[PDB]
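Structure at a glance
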Amino acid sequence: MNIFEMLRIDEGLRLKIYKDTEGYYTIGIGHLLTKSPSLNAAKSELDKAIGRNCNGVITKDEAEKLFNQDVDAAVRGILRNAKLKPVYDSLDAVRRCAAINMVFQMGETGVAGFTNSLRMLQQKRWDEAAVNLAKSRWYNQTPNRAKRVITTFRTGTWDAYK
Ligand SMILES: [Cl-]
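Reading the values: rules and limits
Sequence order as written determines residue numbers, which begin from 1 on each chain and need not coincide with the entry numbering; residues that lack coordinates are not included. Just so you know, side-chain values use all the structure's heavy atoms and leave hydrogens and water out. Think of it this way: any DSSP run of H or I at least four residues long counts as a helix, any run of E at least two long counts as a strand, and we number them from the N terminus. In what follows, residue pairs with any heavy atoms lying within 4.5 Å of each other are defined as contacts. For each residue, the accessible area found with a 1.4 Å probe, counting protein chains only, is set against the maximum for its type, and the residue is called buried under 20%, exposed over 50%, and partly exposed in between. Counting rule applied: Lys, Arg positive; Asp, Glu negative; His and chain ends not counted. The rule for a salt bridge is simple: a side-chain nitrogen of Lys or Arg has to be within 4 Å of a carboxyl oxygen of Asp or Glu. The arc in question is traced by the directions running from the helix axis to the C-beta atoms. Aromatic rings from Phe, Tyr and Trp, with only the six-membered ring used for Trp, were paired whenever their centres fell within 6.5 Å, and each pair was classed as stacked if the ring planes differed by under 30 degrees, edge-to-face if by over 60, and tilted otherwise.

Its PDB record attributes the structure to X-ray crystallography, giving the resolution as 1.3500 Å.

Okay, here's the thing in structure tokens:
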């Protein structure tokens, strides 16, 4: 297992514009297009991202290239952030995947509210961090996704994905 396989399991693959769990226009492997309610705005964002007139549909190769860009952007965002980088650098490779997964789903700003969880993770207090992570809108709105990610932080294994 690696971060790409983990997120492909969590996000799935759709080659036509769809709505995510919050109602936002998305395509591919969880690529957010826009938070605007306008399908035309989403189609414009898609064409800009791909570099051609897509009319709302992409190929598998295009979806995989967008996904690579999105994972890279999540990693770069962690490494540029003075609050996230020290925690990330303290984690082993499996738990680092759980960190990227959260940033991919919620962004740097979504993970801003997890300050207490981040401190517990840096201190390697895995069970306490797991309970604190679950006391969140994230866990209550996407509980199965959250349970898999939290289990990865708690155990440092891929068991939730096997
Ligand atoms: Cl879920």
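So, on to the environment of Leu-133. Here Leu-133 shows up in helix α7 (residues 126–134). On a C-alpha basis, the gap between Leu-133 and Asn-116 in space is 8.8 Å, while along the polypeptide they are 17 residues apart. Beyond its immediate sequence surroundings of up to four residues, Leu-133 is in contact with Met-102, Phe-114, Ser-117, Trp-138, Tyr-139, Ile-150 and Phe-153.

Glancing now at the side chain of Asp-70. One can find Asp-70 in helix α3 (residues 60–80). There is no salt bridge for the buried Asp-70, and the closest opposite charge comes from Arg-145, which lies 11 Å off by N-O distance. Leave out the neighbours within four places in its chain, and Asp-70 touches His-31 and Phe-104.

What follows deals with helix α6 (residues 115–122). Looking at α6, one finds that the buried residues are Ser-117, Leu-118, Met-120 and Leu-121. Angularly, the buried residues of α6 cover 165° about the axis, an arc narrow enough to put them on a single face. Buried residues in α6 make contact with α4 (85–90), α7 and α9 (143–155). Positive phi appears at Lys-124, one or two residues downstream of α6, with a value of about 65°.

Moving on: the packing of aromatic side chains. Tallying each qualifying case throughout the model produces 4 aromatic pairs. Between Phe-114 and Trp-138, the aromatic rings sit 5.9 Å apart at their centres with planes inclined by 90°, giving edge-to-face as the arrangement. Separated by 24 residues along the polypeptide, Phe-114 in the loop between α5 (93–110) and α6 and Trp-138 in helix α8 (residues 137–141) bring together distant segments of the chain. Taking the relative accessible area as the measure of exposure, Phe-114 reaches 10% and is therefore buried. What makes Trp-138 buried here is its relative accessible area of 6%. Plain terms: the ring middles of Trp-158 and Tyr-161 are 6.1 Å apart, the flat faces sit at 80° to each other, and that makes the pair edge-to-face. When its relative accessible area of 13% is taken as the criterion, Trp-158 is described as buried. Of the residues examined, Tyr-161 reaches a relative accessible area of 10% and is grouped as buried. Pairwise contacts between aromatic rings join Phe-4, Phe-67 and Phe-104 into one cluster.

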